[PDB]
């Protein structure tokens, strides 16, 4: 119950590996995801070496309390992971094959700038603090890094689960820390977004454009203002945005533009009626006729500009 002694001056290498069993509860608002996985740890403790002939066993099994085990922690977790040691195996040379099953709620920042056509890299940071007698360094055993084929997150395509093999070794509170980056790459399943969110939102906006084929101010006021209520109501219904994001998203810009279009359509309807009442029906009719083309064209153009800027 002391770290294994060095042969020369070299640090202790703890070979790690995470195998995803379950991925669930991805909360876009909280920027958190719950994970259920295997954590494999491999290191050499020569004090544990044995002759397989004199022992009669090819492998030795130990209880966690019986031998020295490195304190591996996760950096970006809410609380410490719930762990259950599955197996501890010692081969004749003193190599330890530690395996545990754990569950953890991981905190990983999400970039919503390209939502709902966004891809995310979820992070799981492994860490080890170096001790008094010797330095502890983390390594990746890519044979031990993987994910179950049945792993799923609803509304996401899981591209890959990999690790950045080079650890981040740095000093913290006068000791070395070896940090590893495990990455879960996911891309959003944006199909139902068109018929469920985009298309009905566009229909509501198009209804407000019918005011360009009407001279009735009362009917026009009802058209633009009632559709604005319908738009807001629809947004409450589809709740596309989490509590307001601090930065400007792609969908966020489109939505802002839709509010601007409802305001401009009101200005037009107001201008039309005023000119019509102030004995100038030639201008009122020419503006309304221009708007019939101006509104869809300016919308389609601004959308192309936005799609270009974000992608």
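Residue numbers count along the first chain shown, from 1.
Chemist: Averaging the C-alpha B factors as listed in the entry, name the stretch that ends up higher: 165-173 or 224-232.
Modeler: Looking at the recorded C-alpha B-factors, 165-173 comes out higher on average.
Chemist: Between 38-46 and 274-282, which has the higher average C-alpha B-factor in the PDB entry?
Modeler: For C-alpha atoms only, the mean B-factor is higher in 274-282.
Chemist: Lowest, middle or highest third: where is residue 80 by C-alpha B factor in its chain?
Modeler: As the PDB entry reports it, the C-alpha B-factor of residue 80 lands in the highest third of its chain.
Chemist: Can you tell me whether residue 57 has a C-alpha B-factor in the lowest, middle or highest third compared with the other modelled residues of the same chain?
Modeler: Its C-alpha B-factor belongs to the highest third of this chain's values.
Chemist: Sorting the chain's modelled residues by C-alpha B-factor, tell me whether residue 134 ends up in the lowest, middle or highest third.
Modeler: As the PDB entry reports it, the C-alpha B-factor of residue 134 lands in the highest third of its chain.
Chemist: Quick check for you: using the entry's CA B-factors within this chain, is residue 64 in the lowest, middle or highest third?
Modeler: It belongs to the highest third of the chain when residues are ordered by C-alpha B-factor.
Chemist: Sort the modelled residues of this chain by their C-alpha B factor and say whether residue 109 lands in the lowest, middle or highest third.
Modeler: According to the entry, residue 109 has a C-alpha B-factor in the chain's middle third.
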